[PDB]
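Each chain, letter by letter, is given below.
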Amino acid sequence: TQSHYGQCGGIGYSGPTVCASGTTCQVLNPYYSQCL
Ligand SMILES: *[C@H]1O[C@H](CO)[C@@H](O)[C@H](O)[C@@H]1O
């Protein structure tokens, strides 16, 4: 699970894309997405 305020999967990020429960993966930019 990706941490809170962490990048959860933009184009090119194939790591922890699944946010911790309670946090939502919000795509902010095409490559920048953050678990909030
Ligand atoms: C939360 O923690 C993860 C690693 O555990 C980071 O990838 C993220 O940027 C944030 O610091």
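Caption draft 1: Geometry of the site of the ligand. Around the ligand, the structure places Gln2, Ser3 and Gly6. Between the ligand and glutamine 2 there is a distance of 3.2 Å, counted from an oxygen atom to a side-chain nitrogen or oxygen. Separating an oxygen atom of the ligand from a side-chain N or O atom of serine 3 is a distance of 2.3 Å. Here the ligand loses 35% of its free accessible area of 300 Å² to cover by the protein chains.

Caption draft 2: Summary view of the side chain of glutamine 2. Note that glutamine 2 resides in the segment before β1 (25-27). A distance of 3.3 Å separates a polar atom in the side chain of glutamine 2 from a polar atom in the side chain of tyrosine 13. Ignoring anything within four residues of it in the chain, the contact list for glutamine 2 reads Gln7, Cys8, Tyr13, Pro16, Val18, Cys19, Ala20, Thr23 and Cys35.

How each quantity is defined
- The residue numbers shown here are sequential, starting from 1 for each chain in the order of its written sequence. They can differ from the numbering used in the entry, and residues that have no coordinates are not displayed.
- In computing side-chain values, all of the structure's heavy atoms are included and hydrogens and water are not.
- For this description, a residue counts as near a given molecule or strand if any of its non-hydrogen atoms is within 4 Å of it.
- Nitrogen and oxygen atoms within 3.5 Å of one another constitute a polar contact, given that in protein one can donate a hydrogen and the other can accept it, and given that sequence-neighbouring residues count only through two side-chain atoms.
- The method behind every accessible area is Shrake-Rupley, applied with a 1.4 Å probe, and residues are considered shielded solely by the protein chains displayed.
- Each helix is a run of H or I in the DSSP string that is no shorter than four residues. Each strand is a run of E no shorter than two, and both are numbered from the N terminus.
- The contact criterion used is simple: two residues touch if any of their non-hydrogen atoms lie within 4.5 Å.

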